[PDB]
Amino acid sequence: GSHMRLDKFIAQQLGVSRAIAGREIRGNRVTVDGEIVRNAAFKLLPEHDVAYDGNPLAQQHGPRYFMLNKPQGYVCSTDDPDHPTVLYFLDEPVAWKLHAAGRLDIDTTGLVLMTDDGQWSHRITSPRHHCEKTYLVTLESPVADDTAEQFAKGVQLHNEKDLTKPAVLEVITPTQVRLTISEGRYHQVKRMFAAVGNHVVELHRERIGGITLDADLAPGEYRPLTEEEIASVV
């Protein structure tokens, strides 16, 4: 249903104040659907076609953010053509414009922030940026008692130069543990338990920075992000 005041739009598009945008409007210099609009409060709907001094001001759709609970057997990109993308779950216009701010492997489930906001996304995904992801990891063999520390100090991924930046591991059950990592390498958790001689059976992402997965968002389900959620991300 997204829409906005015509002035607020001319404002954003021109890099001027809404107060001045309003002015330019009464100056008979703003057009909608090929007609002169002198009202600053005009309700600008997507199907409209705005123009400034004859020049068409491309309607840059507002940005969207969504919380998804990724189910198994689906991927977060089209890089692979053997599995359907998680887009099969987003009933939204031009959904294809959305990208996962942090992809989840085909059989990993949990919080996946679908967004078409490049700036926002990058700040969450940059390899240089400290962002905390917290997973619920199910293990083949009871977590080794000395694993805990090993993760805090750090482990060396098989054939990797550096060490995994300190991670805190909590023990829910002998074989189920919650893991928090501020990094984001490729298949990092799986390989981490690899180094310490264990195997990841299941893997669920609960948190990304300041956004946590709702307790009642069934896998496959999603929902727009809350104003606070956007601003708080990390």
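Position 1 is the first residue in the sequence shown; the rest follow in order.
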Quick note on 183 to 191 and 201 to 209: per-entry mean CA temperature factor is higher in 183 to 191
Give the stretch, out of 54 to 62 and 167 to 175, with the larger mean C-alpha temperature factor in the deposited entry.
54 to 62
Between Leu98, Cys76, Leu111, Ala148, where does the Cα B-factor run highest in the record?
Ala148
Considering only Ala144, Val137, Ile124, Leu87, which residue's Cα atom bears the greatest B-factor as recorded?
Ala144
So where's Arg38 on the chain's Cα temperature factor ranking, which third?
middle
Looking at the temperature factor on the CA atom of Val94, which third of the chain's modelled residues does it land in?
middle
Tertile call for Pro81 (CA temperature factor, within chain, third-based) is the highest
If you rank every modelled residue in this chain by C-alpha B factor, which third holds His48: lowest, middle or highest?
highest
In terms of the CA temperature factor given in the entry, to which third of its chain does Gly118 belong: lowest, middle or highest?
middle
